[PDB]
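# Overview (structure and organization)
As a plain string of letters, each chain reads:
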Amino acid sequence: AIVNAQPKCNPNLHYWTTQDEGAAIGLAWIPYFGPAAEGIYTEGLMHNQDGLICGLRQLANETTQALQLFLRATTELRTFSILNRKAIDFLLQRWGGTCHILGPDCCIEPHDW
Amino acid sequence: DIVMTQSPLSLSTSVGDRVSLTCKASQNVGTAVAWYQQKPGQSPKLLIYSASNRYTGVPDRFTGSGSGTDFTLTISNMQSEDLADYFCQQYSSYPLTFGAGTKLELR
Amino acid sequence: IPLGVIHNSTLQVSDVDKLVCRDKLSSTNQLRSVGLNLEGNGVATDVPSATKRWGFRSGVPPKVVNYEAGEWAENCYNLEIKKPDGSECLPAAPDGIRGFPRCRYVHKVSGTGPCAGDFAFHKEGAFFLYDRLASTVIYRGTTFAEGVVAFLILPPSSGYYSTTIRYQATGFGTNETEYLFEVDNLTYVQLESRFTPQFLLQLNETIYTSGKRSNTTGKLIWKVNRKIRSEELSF
Amino acid sequence: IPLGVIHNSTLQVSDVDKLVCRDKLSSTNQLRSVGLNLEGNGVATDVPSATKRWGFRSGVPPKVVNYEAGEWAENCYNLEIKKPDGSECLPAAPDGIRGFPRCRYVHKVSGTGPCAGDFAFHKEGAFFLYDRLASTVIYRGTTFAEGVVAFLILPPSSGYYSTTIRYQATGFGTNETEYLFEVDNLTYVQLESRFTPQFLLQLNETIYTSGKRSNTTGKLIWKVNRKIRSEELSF
Amino acid sequence: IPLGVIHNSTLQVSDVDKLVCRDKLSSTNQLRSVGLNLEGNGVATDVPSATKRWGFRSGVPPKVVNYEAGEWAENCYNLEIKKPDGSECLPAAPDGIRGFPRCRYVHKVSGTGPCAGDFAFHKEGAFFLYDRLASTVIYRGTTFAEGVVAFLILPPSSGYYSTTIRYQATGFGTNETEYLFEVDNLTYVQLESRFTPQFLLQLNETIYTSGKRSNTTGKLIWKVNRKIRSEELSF
Amino acid sequence: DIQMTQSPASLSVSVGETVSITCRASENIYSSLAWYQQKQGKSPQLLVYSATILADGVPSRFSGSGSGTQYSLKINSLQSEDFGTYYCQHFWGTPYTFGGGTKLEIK
Amino acid sequence: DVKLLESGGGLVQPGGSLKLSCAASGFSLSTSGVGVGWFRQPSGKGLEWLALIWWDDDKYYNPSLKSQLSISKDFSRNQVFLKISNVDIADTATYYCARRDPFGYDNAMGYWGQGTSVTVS
Amino acid sequence: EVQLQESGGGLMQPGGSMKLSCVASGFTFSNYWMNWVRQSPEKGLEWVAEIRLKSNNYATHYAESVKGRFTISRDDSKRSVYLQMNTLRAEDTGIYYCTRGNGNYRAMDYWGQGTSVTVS
Ligand SMILES: *[C@@H]1O[C@H](CO)[C@@H](O[C@@H]2O[C@H](CO)[C@@H](O[C@@H]3O[C@H](CO[C@H]4O[C@H](CO)[C@@H](O)[C@H](O)[C@@H]4O)[C@@H](O)[C@H](O[C@H]4O[C@H](CO)[C@@H](O)[C@H](O)[C@@H]4O)[C@@H]3O)[C@H](O)[C@H]2NC(C)=O)[C@H](O)[C@H]1NC(C)=O
Ligand SMILES: *[C@@H]1O[C@H](CO)[C@@H](O[C@@H]2O[C@H](CO)[C@@H](O[C@@H]3O[C@H](CO)[C@@H](O)[C@H](O[C@H]4O[C@H](CO)[C@@H](O)[C@H](O)[C@@H]4O)[C@@H]3O)[C@H](O)[C@H]2NC(C)=O)[C@H](O)[C@H]1NC(C)=O
Ligand SMILES: *[C@@H]1O[C@H](CO)[C@@H](O[C@@H]2O[C@H](CO)[C@@H](O[C@@H]3O[C@H](CO)[C@@H](O)[C@H](O[C@H]4O[C@H](CO)[C@@H](O)[C@H](O)[C@@H]4O)[C@@H]3O)[C@H](O)[C@H]2NC(C)=O)[C@H](O)[C@H]1NC(C)=O
Ligand SMILES: *[C@@H]1O[C@H](CO)[C@@H](O[C@@H]2O[C@H](CO)[C@@H](O[C@@H]3O[C@H](CO)[C@@H](O)[C@H](O[C@H]4O[C@H](CO)[C@@H](O)[C@H](O)[C@@H]4O)[C@@H]3O)[C@H](O)[C@H]2NC(C)=O)[C@H](O)[C@H]1NC(C)=O
Ligand SMILES: *[C@@H]1O[C@H](CO)[C@@H](O[C@@H]2O[C@H](CO)[C@@H](O[C@@H]3O[C@H](CO)[C@@H](O)[C@H](O)[C@@H]3O)[C@H](O)[C@H]2NC(C)=O)[C@H](O)[C@H]1NC(C)=O
Ligand SMILES: *[C@@H]1O[C@H](CO)[C@@H](O[C@@H]2O[C@H](CO)[C@@H](O)[C@H](O)[C@H]2NC(C)=O)[C@H](O)[C@H]1NC(C)=O
Ligand SMILES: *[C@@H]1O[C@H](CO)[C@@H](O[C@@H]2O[C@H](CO)[C@@H](O)[C@H](O)[C@H]2NC(C)=O)[C@H](O)[C@H]1NC(C)=O
Ligand SMILES: *[C@@H]1O[C@H](CO)[C@@H](O[C@@H]2O[C@H](CO)[C@@H](O)[C@H](O)[C@H]2NC(C)=O)[C@H](O)[C@H]1NC(C)=O
Ligand SMILES: *[C@@H]1O[C@H](CO)[C@@H](O)[C@H](O)[C@H]1NC(C)=O
Ligand SMILES: *[C@@H]1O[C@H](CO)[C@@H](O)[C@H](O)[C@H]1NC(C)=O
Ligand SMILES: *[C@@H]1O[C@H](CO)[C@@H](O)[C@H](O)[C@H]1NC(C)=O
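Conventions we followed
- Residue labels used throughout are counted from 1 along each chain in written sequence order rather than taken from the entry, whose numbering may differ, and residues without coordinates are not included.
- Chain labels run from A onward and ligand labels from 1 onward, assigned in the order the entries are written.
- Note that the displayed chains come from a larger assembly and that each value is computed for the displayed part only.
- Note: side-chain values were computed over all heavy atoms of the structure, leaving out hydrogens and water.
- Residues with missing side-chain atoms are left out of burial classes, side-chain pairs and their counts.
- Under the DSSP-based scheme used, a helix requires at least four consecutive residues in state H or I and a strand at least two consecutive residues in state E, with every element numbered from the N terminus.
- Taken over C-alpha atoms, the radius of gyration is set against a globule rule of 2.2 Å times the number of residues to the power 0.38.
- Every residue pair with non-hydrogen atoms within 4.5 Å of one another is taken to be in contact.
- In this description, accessible areas are obtained by the Shrake-Rupley approach with a 1.4 Å probe, and a residue is regarded as covered only by the protein chains that are shown.
- Only four residue types enter the charge count: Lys and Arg as positive, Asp and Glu as negative, with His and the chain ends excluded.
- One atom stands in for each charge, and that atom is NZ of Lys, CZ of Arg, CG of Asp or CD of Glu.
- Between buried and exposed lies partly exposed: a residue is buried under 20% and exposed over 50% of the maximum accessible area for its type, with that area taken using a 1.4 Å probe on protein chains only.
- Note that a disulfide, as used here, is simply two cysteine sulfur atoms within 2.5 Å.
- Summed over both partners, the accessible area lost on bringing two parts together, with a 1.4 Å probe, is the buried area.
- By definition here, a salt bridge exists when the distance from a side-chain nitrogen of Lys or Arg to a carboxyl oxygen of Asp or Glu is within 4 Å.
- Within 3.5 Å is the distance limit for a polar contact, defined as a pair of N or O atoms, with the added protein rule that one can donate a hydrogen and the other accept it, and that residues adjacent in sequence qualify only through two side-chain atoms.
- As a working rule, the residues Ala, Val, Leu, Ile, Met, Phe, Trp, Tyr, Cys and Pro are called nonpolar, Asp, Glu, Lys and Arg charged, and the rest polar, with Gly in that last group.
- Whether a set of points on the 1 Å grid over the protein atoms alone is a cavity depends on a 1.4 Å probe fitting there but being unable to get out, while an open set qualifies as a pocket with protein on both sides within 12 Å along at least five of seven lines; lining residues are those with an atom within 4 Å of a point.
- Grid points are joined across faces, edges and corners, and a volume is the space filled by probe spheres set on the points.
- Here, a strand pair is defined by DSSP locating no fewer than two bridges between the strands.
- Side-chain atoms within 4.5 Å link the members of a nonpolar core, which is a set of buried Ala, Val, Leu, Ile, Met, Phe, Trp, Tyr and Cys residues.
- Between N-to-C directions, angles span 0 to 180 degrees; the directions come from axes that are lines fitted to C-alpha atoms, helices contributing only their stretch in contact.
- Like-charged residues are merged into a patch within 9 Å and nonpolar side chains (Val, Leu, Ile, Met, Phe, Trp, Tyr) within 5 Å, provided each residue has over 30% relative accessible area and no salt bridge.
- UniProt positions are given in the numbering used here, feature names are shortened, and annotations may be inferred rather than shown by experiment.
- Working definition: rings of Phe, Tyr and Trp (its six-membered ring) pair if their centres are within 6.5 Å, and the pair is stacked with planes under 30 degrees apart, edge-to-face with planes over 60 apart, and tilted otherwise.
- Two limits define a charge over a ring: the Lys NZ or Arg CZ must be within 6 Å of the ring centre, and within 35 degrees of the ring normal.

What the entry reports as its method is cryo-EM, with 4.3 Å given for the resolution.

This paragraph deals with the overall build of chain A. Scanning chain A from N- to C-terminus turns up 2 helices and 2 strands. Sequence-ordered secondary structure for chain A, helices as α and strands as β, is β-β-α-α. The C-alpha atoms of chain A give 21 Å as radius of gyration, which overshoots the globular expectation for 113 residues (13 Å, by more than 25%). The principal-axis extents of the C-alpha atoms in chain A amount to approximately 55 × 45 × 40 Å. Across chain A, every contact between residues at least 6 apart in sequence was considered, and the portion connecting residues at least 24 apart equals 61%. For chain A, the accessible area works out to roughly 6800 Å², and carbon and sulfur atoms hold 62% of it. A distance of 14 Å separates the average location of the 7 positive side-chain charges in chain A from that of its 11 negative side-chain charges.

The secondary structure content of chain B amounts to 0 helices and 11 strands. If you list the helices and strands of chain B from N to C, you get β-β-β-β-β-β-β-β-β-β-β. In terms of C-alpha radius of gyration, chain B reaches 13 Å, essentially the compact-globule figure of 13 Å for 107 residues. Residue burial in chain B is summarised as follows: out of 107 residues, 47% are buried. Accessible surface, chain B: about 4900 Å² in total, of which carbon and sulfur atoms supply 46%. Each charge sign in chain B was given a centre, from 8 positive and 8 negative side chains, and these centres are 3 Å apart.

With that settled, consider the state of the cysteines. Counting across every chain of the model gives 13 disulfides over all chains. In this model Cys22 of chain H forms its disulfide with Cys98 of chain H; the gap between the sulfur atoms is 2.2 Å. Here the S-S torsion is close to -120°, and the disulfide linking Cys22 of chain H with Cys98 of chain H is therefore left-handed. Here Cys22 of chain H is found in strand β4 (residues 21-23), whereas its partner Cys98 of chain H is found in strand β11 (residues 95-100), with 76 residues between them in sequence. By relative accessible area, which is 3% here, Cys22 of chain H ends up buried. Residue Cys21 of chain D stays outside any disulfide, its sulfur separated by 17 Å from that of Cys106 of chain A, the closest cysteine. Of all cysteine sulfurs in the structure, the one in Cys99 of chain A sits closest to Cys21 of chain E, which takes part in no disulfide; the separation is 11 Å. Owing to a relative accessible area of 42%, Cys21 of chain E belongs among the partly exposed residues under this scheme.

A few words on the interface of chain H and chain F. Taken residue by residue, the interface counts 17 residues in chain H and 18 residues in chain F. A per-residue breakdown of the area chain H buries against chain F is headed by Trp47, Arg106 and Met108 of chain H, which together make up 39% of the total. Connecting chain H to chain F are 0 salt bridges. There are 7 residue pairs in polar contact connecting chain H and chain F. Looking at the side of chain H that touches chain F, the elements that each hand over two or more residues are β5 (34-40) and β6 (44-51) of chain H. The class makeup of the residues in the side of chain H that touches chain F is 6 nonpolar, 7 polar and 4 charged.

Residue and element names in this part refer to chain G. Reported here for the largest cavity is a volume of approximately 180 Å³. Lining the largest cavity we find 19 residues, and of these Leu29, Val36, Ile53, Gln79 and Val80 sit closest to its centre. The set of elements that each furnish at least two residues to the lining of the largest cavity consists of β2 (16-24), β3 (35-41), β4 (48-54), β7 (79-87) and β8 (93-99). Here the lining of the largest cavity is built from residues that sort into 14 nonpolar, 3 polar and 2 charged.

On to the pattern of salt bridges, then. Within the structure shown, the criterion is met by 57 salt bridges over all chains. The residue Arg61 of chain F makes a salt bridge to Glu81 of chain F at a minimum N-O spacing of 3.0 Å. In this pair, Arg61 of chain F sits in the loop between β5 (45-48) and β6 (62-67) while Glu81 of chain F sits in the loop between β7 (70-75) and β8 (85-90), placing the two residues 20 residues apart along the sequence. Bridged by salt links that share partners, the residues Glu80, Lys82, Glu88 and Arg140 of chain C form one connected network.

Let us look at the side chain of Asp46 of chain D. Residue and element names in this part refer to chain D. Structurally, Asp46 is set in the loop between β4 (35-37) and α1 (47-52). Here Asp46 occupies a buried position and makes no salt bridge, while the nearest side chain of opposite charge, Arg194, is found at 6.7 Å. Within the structure, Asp46 has its side chain in polar contact with the backbone nitrogen of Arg194 (distance 2.9 Å). Not counting the four nearest positions on each side in its chain, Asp46 is found in contact with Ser193, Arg194 and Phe195.

Right, let's get into the sheet that holds strand β11 (residues 152-153) of chain E. The strand order across the open sheet formed by 4 strands is β2-β1-β11-β3 (chain E), and the pairing between neighbours is mixed. The open sheet terminates on both sides in strands that have one partner only, identified here as β2 (10-13) and β3 (31-32) of chain E.

Membership of the largest hydrophobic core comes to 63 residues, with the highest contact counts inside it found for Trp35 and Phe98 of chain F together with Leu20, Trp36 and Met85 of chain H. Counting residues per element, this core draws most heavily on β6 of chain H, which supplies 5 residues. Listed in part, the 39 residues of the second largest apolar core include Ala169, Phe181, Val189 and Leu191 of chain C.

Taken together, the 49 residues of chain C in the interface contact 50 residues of chain A. Summed over both partners, the interface of chain C with chain A comes to about 4500 Å²; 64% of that surface belongs to carbon and sulfur atoms. Looking at the side of chain C facing chain A, the largest losses of area belong to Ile1, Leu11 and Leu19 of chain C, adding up to 15% of the total buried there. With a closest N to O distance of 3.1 Å, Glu38 of chain A and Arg98 of chain C form a salt bridge. Where chain C touches chain A, the interface holds 24 residue pairs in polar contact. If you list the elements that add at least two residues to the side of chain C that touches chain A, you get β2 (10-13), β3 (31-32), β4 (35-37), β5 (64-66) and β10 (141-149) of chain C. Ranked by residue count, the leading element in the side of chain C that touches chain A is β2 of chain C, at 4 residues. Class assignment of the residues belonging to the side of chain C that touches chain A gives a composition of 27 nonpolar, 12 polar and 10 charged.

In any sheet, the strands associate via hydrogen bonds between backbone groups, in a parallel or an antiparallel arrangement. All names here are of chain B. Spatially, β1-β3-β8-β7 is the arrangement adopted by the 4 strands of the open sheet, whose pairing is antiparallel. Lying at the two open borders of the sheet, with one neighbouring strand each, are β1 (4-7) and β7 (62-65). Here the strands of the sheet are splayed against their neighbours by 20° on average, with no regard to which way each runs.

Bringing a nonpolar patch on the surface into the picture now. All names here are of chain A. A cluster of nonpolar residues, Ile25, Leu27 and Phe33, forms a patch on the protein surface that exposes about 270 Å² of accessible area. Mapped onto the elements of the fold, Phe33 is located in the loop between β1 (13-17) and β2 (42-46). According to the relative accessible area criterion, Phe33 is partly exposed, its value standing at 38%.

All names here are of chain A. Per UniProt, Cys9 and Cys54 form a disulfide, and the coordinates bear that out, putting the sulfurs 2.0 Å apart. Here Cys9 is found in the segment before β1, whereas its partner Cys54 is found in helix α1 (residues 52-73), with 45 residues between them in sequence. Taking relative accessible area as the criterion, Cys54 reaches 2% and is therefore assigned buried. The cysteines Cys99 and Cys106 that UniProt joins by a disulfide are bonded here; their SG atoms are 2.0 Å apart.

Turning our attention to the packing of aromatic side chains. For the structure on display, the rule yields 53 aromatic pairs over all chains. Measuring from ring centre to ring centre gives 5.4 Å for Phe56 of chain D and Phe172 of chain D, while their planes differ by 85°; the resulting arrangement is edge-to-face. For the pair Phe56 of chain D and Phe172 of chain D, a shared accessibility class is recorded, and that class is buried. Among the aromatic residues, those joined into a ring-pair cluster are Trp54, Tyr77, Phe128, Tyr130, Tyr139 and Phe144 of chain C. The side chain of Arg99 of chain G reaches across the aromatic face of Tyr111 of chain G, ending 4.6 Å from its centre.

This paragraph deals with the arrangement of the chains. With 10 pairs of chains in contact overall, the contact-richest pair is chains A and C. You won't find any contact between chain B and chain D; their C-alpha atoms come no closer than 36 Å. At no point do chain B and chain E touch; the closest pair of C-alpha atoms across them sits 50 Å apart.

Turning to unusual backbone geometry, a few remarks are in order. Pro95 of chain B follows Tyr94 of chain B through a cis peptide bond whose omega is 10°. Mapped onto the secondary structure, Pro95 of chain B falls in the loop between β9 (85-90) and β10 (97-98). The amide bond that connects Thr94 of chain F to the next residue, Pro95 of chain F, takes the cis arrangement and shows omega of -10°. For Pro95 of chain F, the location among the structural elements is in the loop between β8 and β9 (97-98).

Printed below as a string of structure tokens:
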């Protein structure tokens, strides 16, 4: 629920990823017969449907600012993960509370007989 | 590496002589050439720039000419103070080369 | 640190005091930490402004963070800058660091200047992006594309072979810093402003053809404004 | 990546679209990432075939992965191979790397050959196992036992002091590669095929006793077939 | 590994077979791994006893662990000790290691002795604390404050600029080891026992004032008991 | 500042006709470009979000294309409700620029 | 107007080595494309070329002497240097430093050092 | 739905000054910046000015042909906007509008009914 900064958003998203599900041949599983080190990349295009790309840039800037402090607080050198921790708190925010129906949690389905 | 020569190898002179000197080379320098003046106890000071422009503060007695492999240096109205070992140099190719030099003696 | 959330086909901020199940994380593969290119915000790409954006600090240690794959950059940079006394300046990249995968125009710079401090740092704190690792510090050599990072919850050879523009630096990290374009072992053109990579690329119309081409024992600098090329305007 | 699941006293594949609670992960200590010895699949142990299984690639960087403790290997290898120009070939092991804990017969090899590429790599992609870290690449020196890895959900000095068989290599990583057994500073026996560690071990019946034993200023090679020992058949 | 639990305003041990929801971990920010200062247990701070507490082992590799921020230490140590043959002893600190943030009196020692083993190690297994990383091993140089670590579930320049007491060591890691205080390039006072940092600090009442002050081509050692100062009691 | 033009300045049309509009400009790396239309007595109304994403409640008939200096508007078929005039704009950042517009003439 | 200053090694044995240096006390040498260099005049001989150094970090040598000759610089002190392997009697010469004088077109150098000399024994 | 309305329009003598204005509701001002645009049969639509959100410290822009002849203002508690014309010179007879929109689109997605402002 955020809006763009004075900067100018380019609505296009042209991106690359390392994901590649499966393998073309069984030997491609093997690094010895694997693609050149740059061959892992794949690419695609997205458009600013519903303002999503531009929204993403603003969100990213805010996240970057928040992240900068967190990184200052880290003691580990290369911070390989964070999302895993976030997944843990996703669960913790939903669990360990009392929860039959009365509490505002656990998405309990309506009760049948 | 490139051959550089100059002539006359030496010249007798007298005051008011129009000096003529030349510089020749195996390769077409194309006017990327310079001329120099030297006296004992002294650096080989610049005379001519790009086959034409005498260096600033050089007297206008010094003029020069040519292109390709041929160049000259001349001195209008020579003065005895102008006796010097004279040189030329190639800036169109390297390792750098320079003329064998010449000398003048008034008499 | 807030997370983007895609719901009702729009972004939403994760930082709420109630996590309604309408958003669900069925697996960790819905998570993303994607990098974003700073350039996508319309930020100027003139090399002089890039220099203006770097802090040259000494003090606090560098840190890096792992991030998800992300958008292509048109402009990126490689750096060889050294201190005026010939000291190396800026650390060699750490193991596993390599240049960004898709820069269209990596700009390469070399030369010397005071190169103050030891760890550089971005003045806005923008991340340097090397391959898949964001950094707070500039590494030697390899390409870093300025960017930021965001975390969200989800519901052919030219792609890297392109690259032009290598140039010298005169001074570094200071207002007095100046750059000169280099082609054919010739240092030339001040590159002051307003030059797209293509603006500069078209200047190779002179190489071995329409101008410049110092066929001498040395190279001549031309001062950009043929008026632009500034042929024979070297001093 | 699928996980083994033990249920109804049998293995089951975790990759299902319903996770029935009949399997429960009460704690993280039910998890295992145990390594397995490739040798347990009946794969040949002849040293020439071991060489046949290594790729000698250059290119993509090496990676390693942490894994759970696992089965003993009868055969393992140490390597000193270098390029023909005396260049070192293959990187020194990284910190924390040490040889596998229980090899019965570590085989040691030294010598030179083209040693193509820079990172080796297993042609089948089998892991090299150093202590508790699997690797995609061969490290210098220390023992690596070929193996694979699996992840499953759970519901005396001779054990490492044993080790025999050290030998020279002639060439490396190519069809032309050849090996010669070495004892008592003597290079001998081509080791072509079909030789168990014990088959080779019994050949020490000749050492300082029944044969060979070149009591000369140099060492003589015998060509294996006394017929086998090939005494005095050196050329 | 048990975790502290704060409930009913008291500590409780997490290791129970029922986890009653009365304790709740609403977020990961309730977790702490805080370090504790060994000194807070009344453990002696005499430098000779500190030496007595270090093992000087060779063998098993060093390990470190990340931990949460923790209490101030009055006493901490820096070490330059080397082997009698001039060999360096003890590894240089690894990247990201820096001295503890709040020591009131870092003690610095230099000198040589047998410095047995290669990794030291605490005889009680107490952690060395460098900044935010606990260690099983002593690193060169930078300060380590002896301590332990605990994990619990939650429901101005002088703060680091203070530091006095630098001294020489004679021998190291053995019963025969001895220390001498150093000021003004003078080696003196055996520092046998019972000396608080302030007890030693007040001895600077003699520096350039009431005593000692060997205004000679060399420095004289005084043997501590003016009776204490042991002026002119050097041999 | 980026300059822009549109053509045809008007288009005569018939109902259910497929149509398109050309809009050209000084180069724009941004796909920020967008289209809108107005009727006499009516405030302008957006037709498409930047690049090709349609404005909410716009019929599926609407489409468009391109980037940089060349882009277009397309409509698969026409309804009488679409009479009006049409425009495009540069929203790449600031100052904003607008096309002279076109007129949807009827046959 | 630059007070270029000659400097160098003293008398050396033949088969020795030599270090030579100069400094531009009147100029920072920070202008891009500045070229400085060395040449020598044994026995009153003409301007034999030795080496070129560019502010842009470019080096050149006279190939006949290049096998025993190396360029070094120390810009922080406006210094330039030569190292010569195998110095012997054929290397005895007056020696000079040089700089571009018109500056930036056709080398134009041009500006000269005070002059120094080197001998062996 | 934006509830926008416009005010302060109509004929005025040349050489004057006026504060053209707007008011709106149902779209909080805290999330946006606004633009003024103008239109004439002789000109077509044209941009007039930009009013940034306070996060940009209320930075503003004006078309260079009108810059310095107008200033802008806004009030985010009143949800109101002012064109604050510095002058009422000539050729200002085009219809005026004030716009706003989603920052992840562009301000074109909301507009007024427009108003007529003229000069004698
Ligand atoms: C997330 O995205 C926002 C944008 O949405 C980014 O915000 C930018 O923040 C920087 C500062 O952090 C802003 O830069 C500032 O610009 C001022 C104006 O510069 C202009 O005016 C001059 C003079 O007329 C013109 O020559 C020039 O062309 C510009 O038009 C400067 O005056 C500021 O400088 C002062 O402070 C900085 C910071 O300390 C100093 O370095 C300077 O030396 C000087 O003291 C400053 O440079 C920028 O305008 C903001 N843009 C926007 C759109 O908001 C965030 O940076 C981004 N988040 C992160 C973390 O990257
Ligand atoms: C300005 O114009 C000049 C021409 O006047 C131009 O020089 C040209 O550069 C290209 C690329 O270096 C040359 O073509 C190359 O030839 C070599 C030898 O055969 C090839 O190995 C090269 O291929 C490699 O690089 C390619 C491009 O990245 C890759 O696609 C390929 O996979 C290889 O890695 C390449 O084909 C060409 O011969 C010259 N021509 C001349 C006359 O100079 C110069 O590049 C222009 N300046 C700039 C800055 O663009
Ligand atoms: C072929 O036969 C010869 C004998 O003809 C045999 O040589 C023998 O080797 C062993 C082991 O090297 C020798 O015994 C050793 O003696 C030394 C010195 O006292 C000990 O230090 C050794 O102990 C170490 O190694 C042991 C085995 O690993 C460990 O158990 C122990 O903890 C120590 O680490 C060891 O006892 C023996 O003296 C020779 N004998 C002769 C006559 O050579 C050779 O090994 C045989 N070839 C092969 C390849 O097996
Ligand atoms: C025993 O007594 C003597 C005096 O008889 C005493 O020597 C004093 O030491 C202090 C600190 O070294 C000296 O004051 C210093 O002066 C220098 C130069 O101006 C300053 O740079 C120092 O400031 C730095 O260090 C301070 C303390 O850590 C910091 O607060 C500051 O930020 C700087 O980092 C400092 O002011 C003083 O001049 C001498 N005086 C004499 C006569 O020696 C000695 O320290 C005493 N012995 C012990 C072990 O305490
Ligand atoms: C290298 O580059 C230089 C610099 O351009 C070239 O020098 C040029 O040589 C040409 C051929 O002679 C000159 O043209 C001539 O000009 C004179 C009058 O100035 C005219 O009388 C002749 O008929 C002829 O047109 C030219 O002036 C000269 N300089 C320039 C800047 O053009 C040189 O030719 C190039 N080649 C080499 C190998 O050096
Ligand atoms: C580079 O910058 C410095 C400082 O920014 C300039 O020196 C300052 O110049 C201003 C006038 O513009 C003076 O008021 C200051 O006193 C000077 N000192 C400072 C502030 O450092 C210098 O002239 C600039 N030169 C170039 C060409 O970059
Ligand atoms: C080692 O291998 C190479 C190639 O595998 C052998 O050279 C090839 O020999 C075959 C016939 O067996 C020819 O058809 C090929 O043209 C040769 N070149 C190739 C394919 O590399 C070589 O003879 C082998 N030598 C030994 C003793 O290992
Ligand atoms: C340092 O310690 C060693 C051993 O602790 C001393 O040597 C021992 O002295 C005891 C008597 O106190 C004897 O019974 C042992 O046989 C000796 N050898 C041992 C056990 O190492 C030594 O005297 C001590 N010296 C000093 C001054 O520290
Ligand atoms: C450019 O100069 C370098 C020396 O600085 C030289 O090695 C190289 O051959 C030159 N480039 C070309 C293409 O001639
Ligand atoms: C084997 O040869 C080496 C030299 O290569 C020698 O040092 C060693 O003593 C020899 N081994 C024995 C057991 O004699
Ligand atoms: C102490 O001695 C060292 C030499 O060991 C000398 O460098 C230093 O100047 C001395 N300290 C003082 C304060 O004189």
